[PDB]
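Ideal geometry is used to build each Cβ from the backbone, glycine not excepted, and the neighbour counts take in all protein chains shown. What follows is calculated from the coordinates using simple rules that are stated; it is not laboratory data.
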DNA sequence: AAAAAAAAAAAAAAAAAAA
DNA sequence: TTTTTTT
Ligand SMILES: Nc1ncnc2c1ncn2[C@@H]1O[C@H](COP(=O)(O)OP(=O)(O)OP(=O)(O)O)[C@@H](O)[C@H]1O
Ligand SMILES: Nc1ncnc2c1ncn2[C@@H]1O[C@H](COP(=O)(O)OP(=O)(O)OP(=O)(O)O)[C@@H](O)[C@H]1O
Ligand SMILES: Nc1ncnc2c1ncn2[C@@H]1O[C@H](COP(=O)(O)OP(=O)(O)OP(=O)(O)O)[C@@H](O)[C@H]1O
Ligand SMILES: [Mg+2]
Ligand SMILES: [Mg+2]
């Protein structure tokens, strides 16, 4: 809320997330965060909205956003011994807000770095505008705006395999340890549902095939295979 | 008379009400002339009451409270006169009390910003206002009496004196005399003060019965008012018999102060100089613990105290007895009996 | 006459609202209150002005809205269940059916099972919420004793327990619902505040969040993380049902009948069963006992 | 007392080497000396006397008004409110004498201004497109009090004045006034003060052949002469700076860390030697002036103990 | 994330102090004109140098070399001192070296100068250990 | 007049913690006040039964009748009549003291001052609740109010005793409420060992003999009396009977 | 037909700082 | 991490 001095009604100002509303958002350097903003957002992500009432004014705002953030391991480099909770200082509840995790490591291999340097240099020269992707950007946008117009539904076998996979996940990660391992909730099941819907949407199919459920479960599994490695 | 003990405080107040003369030199500018005294002590030891008594006794005085004042609103204000439509300076609180005395309560409970203004008026006794197209210097030669609480609930006698006070030394060194009051718990003193207080609460206004409360009264009969030496009606001042030593009533004391502040301007002599310099050299190199460090400005305080005591006995010259009494009072106020 | 802005949830992000003037004729007086979101059906009319043509140099005209119908839309954004100016009003046959279905056996069972039919389990919460949003009967003994007649409710536990969905349904349910969250509410925001009128040029009172909750419910999310200075200010609102302000020369006492429903998380993000409640939360006796 | 402080005041009133060098490189004749000492040493009174005896002196102290710096005196002054201003400027900073009391009292804005007035650098702060900078060329003389109100047995640079080390190194001469409780000095001080009090004038105890108007004439006379630099002092000052860097080879011994290594030390040495050559003598610079400047620096340094 | 960094450390020596004092005294006791500005502008906007295929081999060899210089046979798990920022920096510096002298394509001398410049500051970037 | 309702830190008074860090008010502010009441909560189930009875009765279904009887039997008066009475008494009367009351007040003040000193020299920290001359003025004003209540133009011993009783209640509840806050404890365990060995269960001994023995030893009188009275305060092995002469080991 | 506004006092929210 | 104080 912003006011000119002795100015009534404390007219609100839109925040970055509020501008990102009704569209895809991007966040960089996510580890550094405002504590008040942090406790606002982690309740905001589930509610997909934020409401702040101050100085005798109140309102409800819309924050329908998709969040994409990048962080950094504490201590410079990711320590392979520990896990995400040990390596990152970021609080426990927010980790369950995110649906997927990706960790990337750099190495001192002589075969990889030469290839990387060749790729980087080979862009300032030769094929400066002749990199080869299978599809052009316009084709990608055409396919995106054609696929976004599909809403998949679920079938009986999908539901059965879904509940079975959920039970397997919940029993598997609860067998590790108590009061130190807590990562599987119902939000994980909803995330897996959403991921299956998205995958089926990619192939432009109005139904769900259990193979999509298998792929989504594999993604969530490797997100927990990675926490151990 | 209703305050028990604190005799040296009463003497200090008496000397302050009729302080020394101002000094101005064609080359030496100006020298401050009056005395300032600060009180710090444990709660409920009759400091505010004595300050109220000083308010009532003195000729011109203004009452201020640390929390109820603003520094900018204390010295001057820029307000527009209604008839002329022009903005003119409005006199502040302590400017109204020029040549008088200003009493401050809850001094340490004041906002620090205002404090700097005090330092200015304690530096050269002049406040300057430069704002909204007005550049003017205002004279303010008043004296300040104030009382403040220690940082804790009660004074800690085992700690550094600077540790017990929230005010910076920059303005604390300005004050000539600093007093520390503590209510030592002794049953004999407890009984004595209990007798005194119980004697006080059994008082009845003359010509009035005890069954009904105090009522409001009418003004004097005349809107305007206005054999000698043989009656001594109020001259002796002893209104009632309670002790062999004499006492004087307030109006006679005020008349004495009025006469003294005008009819005598004493001058010091070399014997008091010798005594004062000897005492200053001794005190500077006594080299033991003391409440506050000493510096060159204490000699000014000795000079002005000797001048005030000469004014008290109505003599045009300062004799060594005043030097002795000033030295004794300073030793009491800084060393302790 | 009253000033009507744009809904902050409707304006495009990072833009500025457009004001209009609404004139309320007889029988519509005082129906609208400051700070609330409303929807008005009216007539659009135009009129001549002098200074408007002066400051622009073109024959511009002013426009005002003559109100003809007003419908409140605060909190209850679910606007598809039924039509009409007031959805909390009943016809006579609806009252008859109320009486008819208020007498069958096990009606309390049906009512408790009919709240949030999309959340599984949590029967105790589904009962406590109903008991909280019905409330008791305020008691006045001889005009010299006052007994509060509303029930507070506090929830607590591990994440993923659908507390926020229950709070949202409560907001959708009650006649007067106010939603707050975490750091997003200040102590002077919930309570009424002192403001200087920018036109009349003196102090005046501004309605706090709890005032809108009078005869209603106030819902707080993330109760534990709210700063304690923002938390201690609602003791009187919970217990005495009164708000008193002595600020800037104004000494007034308001009235607030509000039921507070709060949710939080224990220390460490999980509830340790083998410890008493004193070592699980940071609250103390004065706030817990209420 | 305080003879050497008055000697430094003399050397401040004449000014150092000035009027540039080859290739247009900037050099100033202004000298920056900071007075340091306990309260009740009458450094403020000496500063007032200097302000009285100088024509360009301006006196400032801790707070009391907001128009002292960063704003011209004509801000919103005309009845028509024409916004008359110059932008970044100080009070008569062109060839003025900035006398400051309570150098540890002012806020960050005045501190930024006094860092900007450094080494004859102009003031170019802009607010509304104004860029008419004031040619700041002034000598800085300021008095500050310790944050403890007294000298300390532990190390002085950590005690310091709560001032930046860069600003401290900018100053040409740092001098101390430490109250030493003793008999043979307090006796004389008390005797002089009481004799002043008795006569109500400046007593005949003083023995001064020269008078304030006479000083005001002779200072302008000496500044007018303006002797030029003599080359042969080059080797002597180079070896003096070599031994000063030898001192810097011992400044990690601590117990006082003002024996730092800075070219500004040599520059101030040259400026003070030029001022000593300027106050008297012919159009040359004497080696005795360099020796006197070094002795003055030594006296300034030895006050630490 | 700065491109380069430089450190100045003044330490007391007899010699260097002697030369500094002599230089300062002599100054106190071959340079072009705005020609510089117009030359800079002409290089900035007329000249668009590009790198050649030959310089790629030298660049990758230098990268591999400092990668090796950043590691040893022991299991100390040395920090990866050869970052991609280094490659970007050297590419930009080699382009800058061709920007002057009004050339149109870089030569080896450009890349050797760039790598020596980029490694000189690193050589004095170490802490008290090693 | 100032009336204030305040809560201590940590909610409940938490007697186990010292009074000094249970009250955040400074010494200056408390001195201005002169009646401070520590309202502790207690559980004995008989006061609880009575309070539950009173609350369920004061429920509006019942009390609306019963309170009416208090205006029919003349036991209690209406609020507005009390308002008129207090304003009339404030305007009309203003009592005065008597010399005997002055002497009694002086002696009582000396006694409480001595008790405060004896507590302070033991606890060796400053008392969190002070006693100063303002409290003497407080007792005087309480007596004045008591006399003013009955319109008597003078105050006598009848009001003085009640005033001193109220002041002693309001000072013993707060100031002298366990001034120790819970040689150290080594002599305590040595003391408890010997009496257990020497004195069996069922018999009794004189106080003078025990004091003599443990003053002859290293325990001395100051340590033994406090230890004896705390063993009494334990109230599980030793009982007092027949004035302070008999020490009965139950 | 128009005096209308710089100077104060008091009430907040945000950010940064110290424990 | 929390409360305090300043803008
Ligand atoms: N020596 C004394 N003679 C008479 N009354 C005394 C004496 N000492 C204390 N009192 C009484 O103690 C009370 C304290 O009142 P007062 O507030 O003026 O004291 P104080 O020491 O200035 O306190 P504070 O610092 O809280 O303002 C008064 O009622 C005063 O009569
Ligand atoms: N029976 C159920 N129990 C729990 N959650 C359920 C249930 N049925 C559905 N859910 C889903 O579980 C999720 C739980 O809600 P959400 O993740 O927003 O947080 P919460 O549990 O209310 O609280 P918190 O924000 O404190 O973690 C919702 O998305 C809800 O739709
Ligand atoms: N050497 C001295 N000769 C004469 N008087 C002196 C001397 N030293 C101090 N004084 C006296 O001390 C007073 C001036 O000291 P003062 O405290 O004002 O100066 P300061 O050291 O700048 O400190 P402050 O900031 O406290 O003013 C005068 O009363 C002056 O007579
Ligand atoms: Mg008092
Ligand atoms: Mg000074």
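Please identify which residues in the range D:19-36 have an amide N closer than 19 Å to a label point set 7 Å out from the Cα of residue D:292, following the Cα→Cβ vector.
D:29-33
What is the range E:42-130's relative contact order, in percent, from Cα pairs under 8 angstrom and six or more apart in sequence?
Relative contact order here is 38 percent.
Inside 10 Å of the C-beta atoms of B:185-197, what's the mean count of C-beta atoms belonging to other chains?
Counting other chains' Cβ atoms within 10 Å and averaging over B:185-197 gives 5.
Quick one: what does P(r) look like for the range B:164-248 with 10 Å bins over all Cα pairs, in whole %?
Taking all Cα pairs of the range B:164-248, the binned fractions are 10, 17, 24, 25, 19, 4 percent.
Roughly what % of Cα-Cα distances in the range B:92-203 sit above 17 Å, to the whole percent?
For the range B:92-203, the share of Cα pairs beyond 17 Å comes to 67 percent.
How big is chain C in terms of Cα radius of gyration and Dmax, in angstroms?
Radius of gyration, then largest Cα-Cα span, for chain C: 23.1, 78 Å.
So, by mean Cβ neighbours within 10 angstrom, what's the order for F:7-20, F:99-112 with the highest one leading?
Descending mean neighbour count gives F:99-112, F:7-20.
Work out how far the C-alpha atoms of chain E reach from end to end along every principal axis, then list the three figures in whole Å, largest first.
Result, largest extent first: 59, 47, 24 Å.
How crowded by other chains is F:139-146, given as the mean number of beta carbons from other chains within 10 Å of each beta carbon?
Average per residue, whole number: 1.
Going highest first, how would you order B:243-249, D:128-134, E:18-24 by mean Cβ packing within 10 Å?
In descending order of packing, they fall as E:18-24, D:128-134, B:243-249.
For chain A, go through all pairs of different Cα atoms, get the mean of 1/r, take its inverse, and jot down that Kirkwood value in Å.
Kirkwood hydrodynamic radius for chain A: 21.7 Å.
Based on the alpha-carbon gyration tensor of the protein assembly as shown, what equivalent-ellipsoid semi-axes (square roots of 5 times the eigenvalues) come out, in whole Å, largest first?
Ellipsoid semi-axes (Å, largest first): 66, 62, 38.
How do A:110, C:92 rank when sorted from fewest to most other Cβ atoms within 10 Å of their own Cβ?
With the sparsest Cβ surroundings first, the list reads C:92, A:110.
Whole Å is fine, so just give me how far the alpha carbon centre of the range A:128-146 lies from that of the range B:149-217.
Here the two parts' Cα centres lie 89 Å apart.
Take the range F:47-99, compute every pairwise Cα distance, and split them into 10 Å bins from 0; I just need the percent in each bin.
19, 27, 27, 17, 9, 0
For the range D:1-300, calculate the relative contact order in percent as a whole number, restricting contacts to Cα pairs under 8 Å that are 6 or more residues apart.
22
Can you bin every Cα-Cα distance in chain B into 20 Å intervals starting at zero and give me the percent of pairs per bin, rounded to whole numbers?
Histogramming chain B at 20 Å steps yields 24, 55, 20, 1 percent.
Can you tell me what the convex hull of the Cα atoms of chain F projects to on average, as an area in nm²?
19.7
What does the highest-first list of C:130-141, C:153-164, E:87-98, A:123-134 look like by mean Cβ count within 10 Å?
Taking the mean over residues of other Cβ atoms within 10 Å, the ranking is E:87-98, C:153-164, C:130-141, A:123-134.
If you average the alpha carbon positions of the range C:182-213 and of the range D:147-186, how far apart do those two centres end up, in angstrom?
That distance is 53 Å.
Quick one: compute the contact order of chain A, relative version, from alpha carbon pairs under 8 angstrom and 6+ residues apart, as a percent.
18
Between residue B:227 and residue B:282, what is the label-to-label distance in nm when each label sits 7 Å out along the Cα-to-Cβ direction?
The two pseudo-label positions are separated by 5.5 nm.
In angstroms, what radius of gyration and Dmax does the range C:4-128 have, counting Cα atoms only?
Rg then Dmax for the range C:4-128, in Å: 22.9, 75.
With everything on Cα atoms, drop me the angle between helix C:163-173 and the longest principal axis of chain C, reported from 0 to 90° to the nearest 10.
50
For chain D, I need the span (max minus min coordinate) of the C-alpha atoms along each principal axis, in Å, sorted largest to smallest.
Sorted from largest, the Cα extents of chain D read 64, 54, 44 Å.
Roughly how crowded by other chains is peptide B:22-31, in terms of the mean Cβ count from those chains within 10 Å of each of its Cβ atoms?
So the per-residue partner count for this stretch is 3.
At what distance in angstrom do the alpha carbon centres of the range D:41-77 and the range F:101-122 lie from each other?
One Cα centre to the other: 60 Å.
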